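The next block is protein31.cif, given as mmCIF, C-alpha atoms.
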data_model
loop_
_atom_site.group_PDB
_atom_site.id
_atom_site.type_symbol
_atom_site.label_atom_id
_atom_site.label_comp_id
_atom_site.auth_asym_id
_atom_site.auth_seq_id
_atom_site.Cartn_x
_atom_site.Cartn_y
_atom_site.Cartn_z
ATOM 1 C CA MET F 1 73.799 94.225 -49.077
ATOM 2 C CA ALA F 2 76.374 97.007 -49.368
ATOM 3 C CA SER F 3 79.110 98.675 -47.318
ATOM 4 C CA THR F 4 76.480 99.741 -44.773
ATOM 5 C CA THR F 5 76.304 96.117 -43.600
ATOM 6 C CA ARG F 6 79.790 96.145 -42.023
ATOM 7 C CA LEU F 7 79.631 98.985 -39.481
ATOM 8 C CA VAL F 8 79.365 96.766 -36.399
ATOM 9 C CA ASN F 9 82.353 94.669 -37.453
ATOM 10 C CA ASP F 10 84.317 97.816 -38.258
ATOM 11 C CA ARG F 11 83.490 99.136 -34.790
ATOM 12 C CA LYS F 12 84.627 95.862 -33.211
ATOM 13 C CA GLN F 13 87.935 96.109 -35.053
ATOM 14 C CA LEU F 14 88.249 99.726 -33.936
ATOM 15 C CA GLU F 15 87.622 98.807 -30.283
ATOM 16 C CA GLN F 16 90.301 96.132 -30.391
ATOM 17 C CA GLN F 17 92.784 98.382 -32.187
ATOM 18 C CA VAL F 18 92.383 101.397 -29.896
ATOM 19 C CA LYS F 19 92.686 99.246 -26.786
ATOM 20 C CA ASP F 20 95.838 97.659 -28.209
ATOM 21 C CA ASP F 21 97.705 100.817 -29.118
ATOM 22 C CA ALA F 22 96.582 102.611 -25.957
ATOM 23 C CA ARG F 23 98.086 99.774 -23.932
ATOM 24 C CA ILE F 24 101.249 99.855 -26.062
ATOM 25 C CA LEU F 25 102.123 103.480 -25.267
ATOM 26 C CA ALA F 26 101.296 103.214 -21.555
ATOM 27 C CA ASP F 27 104.186 103.703 -19.130
ATOM 28 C CA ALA F 28 104.389 101.128 -16.346
ATOM 29 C CA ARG F 29 105.238 101.867 -12.715
ATOM 30 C CA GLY F 30 106.827 99.144 -10.626
ATOM 31 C CA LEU F 31 104.591 98.764 -7.596
ATOM 32 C CA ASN F 32 106.136 97.845 -4.252
ATOM 33 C CA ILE F 33 104.944 94.561 -2.764
ATOM 34 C CA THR F 34 103.728 94.747 0.836
ATOM 35 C CA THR F 35 101.365 92.734 3.058
ATOM 36 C CA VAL F 36 103.497 89.593 3.302
ATOM 37 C CA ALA F 37 102.970 87.825 6.620
ATOM 38 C CA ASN F 38 102.084 84.438 8.096
ATOM 39 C CA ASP F 39 98.460 85.125 9.014
ATOM 40 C CA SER F 40 96.870 82.085 7.348
ATOM 41 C CA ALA F 41 97.007 79.492 10.109
ATOM 42 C CA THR F 42 94.449 76.749 10.714
ATOM 43 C CA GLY F 43 92.456 75.824 13.795
ATOM 44 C CA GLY F 44 90.606 72.830 15.154
ATOM 45 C CA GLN F 45 89.953 70.740 18.254
ATOM 46 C CA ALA F 46 92.768 69.150 20.227
ATOM 47 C CA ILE F 47 92.971 65.365 20.342
ATOM 48 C CA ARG F 48 94.347 65.081 23.893
ATOM 49 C CA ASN F 49 95.047 61.365 24.267
ATOM 50 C CA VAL F 50 93.176 59.857 27.212
ATOM 51 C CA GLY F 51 94.729 57.577 29.797
ATOM 52 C CA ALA C 805 139.521 67.159 76.731
ATOM 53 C CA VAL C 806 135.923 67.610 75.539
ATOM 54 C CA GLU C 807 134.917 63.927 75.448
ATOM 55 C CA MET C 808 134.637 61.568 78.431
ATOM 56 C CA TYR C 809 136.358 58.406 79.719
ATOM 57 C CA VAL C 810 134.056 56.288 77.561
ATOM 58 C CA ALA C 811 134.510 57.155 73.895
ATOM 59 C CA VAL C 812 132.190 56.626 70.935
ATOM 60 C CA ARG C 813 133.772 55.758 67.596
ATOM 61 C CA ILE C 814 132.950 54.617 64.065
ATOM 62 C CA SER C 815 134.146 51.421 62.403
ATOM 63 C CA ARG C 816 133.870 52.057 58.649
ATOM 64 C CA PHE C 817 133.953 55.129 56.422
ATOM 65 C CA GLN C 818 133.986 55.717 52.674
ATOM 66 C CA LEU C 819 135.718 58.415 50.650
ATOM 67 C CA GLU C 820 136.995 58.734 47.092
ATOM 68 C CA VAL C 821 140.578 59.748 46.323
ATOM 69 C CA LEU C 822 141.911 60.805 42.931
ATOM 70 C CA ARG C 823 145.439 60.873 41.549
ATOM 71 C CA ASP C 824 145.005 63.003 38.412
ATOM 72 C CA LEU C 825 142.862 66.070 37.836
ATOM 73 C CA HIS C 826 141.585 64.462 34.624
ATOM 74 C CA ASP C 827 139.564 61.996 36.723
ATOM 75 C CA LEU C 828 137.408 64.823 38.101
ATOM 76 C CA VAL C 829 135.214 64.929 34.961
ATOM 77 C CA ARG C 830 132.107 62.809 34.375
ATOM 78 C CA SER C 831 129.294 62.735 31.812
ATOM 79 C CA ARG C 832 125.580 63.465 31.506
ATOM 80 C CA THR C 833 123.089 63.196 28.656
ATOM 81 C CA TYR C 834 120.736 65.820 27.238
ATOM 82 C CA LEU C 835 118.133 66.166 24.491
ATOM 83 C CA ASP C 836 119.825 68.389 21.854
ATOM 84 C CA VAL C 837 116.825 70.677 21.194
ATOM 85 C CA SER C 838 118.592 71.914 18.051
ATOM 86 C CA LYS C 839 117.751 68.757 16.083
ATOM 87 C CA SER C 840 114.899 67.211 18.124
ATOM 88 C CA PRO C 841 113.041 70.155 19.657
ATOM 89 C CA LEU C 842 110.305 69.855 22.238
ATOM 90 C CA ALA C 843 106.812 69.747 20.781
ATOM 91 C CA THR C 844 103.984 72.209 21.351
ATOM 92 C CA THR C 845 100.404 72.463 20.091
ATOM 93 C CA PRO C 846 99.627 68.735 19.768
ATOM 94 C CA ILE C 847 98.093 67.070 16.732
ATOM 95 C CA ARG C 848 94.618 68.367 15.922
ATOM 96 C CA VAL C 849 91.975 67.984 13.242
ATOM 97 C CA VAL C 850 91.372 70.794 10.757
ATOM 98 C CA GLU C 851 88.286 72.968 11.243
ATOM 99 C CA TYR C 852 87.920 76.783 11.329
ATOM 100 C CA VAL C 853 90.348 77.439 8.497
ATOM 101 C CA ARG C 854 90.968 81.162 8.121
#
Please express what this file holds, its structure, as structure tokens.
Amino acid sequence: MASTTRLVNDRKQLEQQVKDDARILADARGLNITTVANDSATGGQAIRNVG
Amino acid sequence: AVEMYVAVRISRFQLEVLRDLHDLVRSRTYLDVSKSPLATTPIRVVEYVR
């Protein structure tokens, strides 16, 4: 029942903080979008009206 | 001079005469594929979606 009973919570706060400020200073590169094509068709059996 | 004493002839004959060049145009109908195109790949049920 002293300050030794808060290390895990302090470490959790540290994890969150370091992730946050490491993301903040990151420089972002604008990726080029490729692979855009109509290759998502659907199949099936023909109905082929009889008569 | 090339036929004979007895001649063969025709009683009636039909032809069309026109007085103005404008009368030489007529009309026909079409389908206008631009707005009502011909169909392909008839209606089918869905199966093998990929």
* To do: Pull out every residue of chain C sitting within 12 Å of chain F, counting all atoms listed in the file, and send them as a list in words.
  =>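 Only these qualify: residues 844, 845, 846, 847, 848, 849, 850, 851, 852, 853 and 854 of chain C.
Relative to CA of residue 20 in chain F, CA of residue 8 in chain F is found at 18.4 Å.
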Padding of 4 Å on every side, edges along x, y and z, all listed atoms of range 30-33 of chain F included: what centre and edge lengths in Å, to one decimal, does that box have, as lines of an AutoDock Vina configuration file?
center_x = 105.7
center_y = 96.9
center_z = -6.7
size_x = 10.2
size_y = 12.6
size_z = 15.9
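The gap separating CA of residue 2 in chain F from CA of residue 19 in chain F is 27.9 Å, in Å to one decimal.
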Kindly output range 22-51 of chain F as an mmCIF file, in the coordinates of the input, after building N, CA and C atoms.
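Resulting contents of part-v1.cif:
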data_model
loop_
_atom_site.group_PDB
_atom_site.id
_atom_site.type_symbol
_atom_site.label_atom_id
_atom_site.label_comp_id
_atom_site.auth_asym_id
_atom_site.auth_seq_id
_atom_site.Cartn_x
_atom_site.Cartn_y
_atom_site.Cartn_z
ATOM 1 N N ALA F 22 96.574 101.868 -27.206
ATOM 2 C CA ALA F 22 96.582 102.611 -25.957
ATOM 3 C C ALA F 22 97.331 101.871 -24.864
ATOM 4 N N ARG F 23 97.251 100.539 -24.849
ATOM 5 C CA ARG F 23 98.086 99.774 -23.932
ATOM 6 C C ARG F 23 99.558 99.854 -24.317
ATOM 7 N N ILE F 24 99.855 99.887 -25.618
ATOM 8 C CA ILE F 24 101.249 99.855 -26.062
ATOM 9 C C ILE F 24 102.017 101.069 -25.550
ATOM 10 N N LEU F 25 101.422 102.259 -25.645
ATOM 11 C CA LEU F 25 102.123 103.480 -25.267
ATOM 12 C C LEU F 25 102.093 103.765 -23.774
ATOM 13 N N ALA F 26 101.378 102.967 -22.987
ATOM 14 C CA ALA F 26 101.296 103.214 -21.555
ATOM 15 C C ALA F 26 102.647 102.981 -20.887
ATOM 16 N N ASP F 27 102.968 103.830 -19.917
ATOM 17 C CA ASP F 27 104.186 103.703 -19.130
ATOM 18 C C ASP F 27 103.865 102.997 -17.820
ATOM 19 N N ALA F 28 104.668 101.992 -17.483
ATOM 20 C CA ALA F 28 104.389 101.128 -16.346
ATOM 21 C C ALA F 28 105.223 101.542 -15.140
ATOM 22 N N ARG F 29 104.580 101.590 -13.980
ATOM 23 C CA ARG F 29 105.238 101.867 -12.715
ATOM 24 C C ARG F 29 105.383 100.575 -11.923
ATOM 25 N N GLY F 30 106.574 100.359 -11.373
ATOM 26 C CA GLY F 30 106.827 99.144 -10.626
ATOM 27 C C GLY F 30 106.344 99.247 -9.198
ATOM 28 N N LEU F 31 105.190 98.650 -8.917
ATOM 29 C CA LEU F 31 104.591 98.764 -7.596
ATOM 30 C C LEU F 31 105.391 97.976 -6.569
ATOM 31 N N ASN F 32 105.452 98.506 -5.351
ATOM 32 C CA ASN F 32 106.136 97.845 -4.252
ATOM 33 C C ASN F 32 105.207 96.838 -3.590
ATOM 34 N N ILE F 33 105.732 95.647 -3.330
ATOM 35 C CA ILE F 33 104.944 94.561 -2.764
ATOM 36 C C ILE F 33 105.012 94.639 -1.248
ATOM 37 N N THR F 34 103.855 94.761 -0.613
ATOM 38 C CA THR F 34 103.728 94.747 0.836
ATOM 39 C C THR F 34 102.723 93.669 1.232
ATOM 40 N N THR F 35 102.350 93.668 2.512
ATOM 41 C CA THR F 35 101.365 92.734 3.058
ATOM 42 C C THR F 35 101.792 91.284 2.822
ATOM 43 N N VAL F 36 102.957 90.944 3.365
ATOM 44 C CA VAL F 36 103.497 89.593 3.302
ATOM 45 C C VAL F 36 103.738 89.142 4.734
ATOM 46 N N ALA F 37 102.863 88.280 5.242
ATOM 47 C CA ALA F 37 102.970 87.825 6.620
ATOM 48 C C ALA F 37 102.269 86.484 6.761
ATOM 49 N N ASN F 38 102.644 85.759 7.813
ATOM 50 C CA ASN F 38 102.084 84.438 8.096
ATOM 51 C C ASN F 38 100.845 84.592 8.973
ATOM 52 N N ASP F 39 99.744 84.980 8.339
ATOM 53 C CA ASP F 39 98.460 85.125 9.014
ATOM 54 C C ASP F 39 97.399 84.253 8.358
ATOM 55 N N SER F 40 97.771 83.028 8.000
ATOM 56 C CA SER F 40 96.870 82.085 7.348
ATOM 57 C C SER F 40 96.942 80.728 8.029
ATOM 58 N N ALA F 41 96.924 80.731 9.356
ATOM 59 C CA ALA F 41 97.007 79.492 10.109
ATOM 60 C C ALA F 41 95.678 78.741 10.037
ATOM 61 N N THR F 42 95.651 77.564 10.652
ATOM 62 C CA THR F 42 94.449 76.749 10.714
ATOM 63 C C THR F 42 94.172 76.365 12.159
ATOM 64 N N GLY F 43 92.890 76.162 12.468
ATOM 65 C CA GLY F 43 92.456 75.824 13.795
ATOM 66 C C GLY F 43 91.966 74.396 13.905
ATOM 67 N N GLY F 44 91.180 74.144 14.946
ATOM 68 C CA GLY F 44 90.606 72.830 15.154
ATOM 69 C C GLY F 44 90.542 72.437 16.613
ATOM 70 N N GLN F 45 90.055 71.234 16.891
ATOM 71 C CA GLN F 45 89.953 70.740 18.254
ATOM 72 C C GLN F 45 91.148 69.853 18.572
ATOM 73 N N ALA F 46 91.654 69.977 19.794
ATOM 74 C CA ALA F 46 92.768 69.150 20.227
ATOM 75 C C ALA F 46 92.323 67.701 20.372
ATOM 76 N N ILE F 47 93.278 66.788 20.244
ATOM 77 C CA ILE F 47 92.971 65.365 20.342
ATOM 78 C C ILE F 47 93.126 64.861 21.771
ATOM 79 N N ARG F 48 94.222 65.219 22.442
ATOM 80 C CA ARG F 48 94.347 65.081 23.893
ATOM 81 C C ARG F 48 94.128 63.631 24.339
ATOM 82 N N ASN F 49 95.085 62.789 23.950
ATOM 83 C CA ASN F 49 95.047 61.365 24.267
ATOM 84 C C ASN F 49 94.640 61.118 25.717
ATOM 85 N N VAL F 50 93.736 60.166 25.905
ATOM 86 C CA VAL F 50 93.176 59.857 27.212
ATOM 87 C C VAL F 50 93.928 58.670 27.794
ATOM 88 N N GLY F 51 94.037 58.643 29.118
ATOM 89 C CA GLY F 51 94.729 57.577 29.797
ATOM 90 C C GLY F 51 94.775 57.787 31.294
#
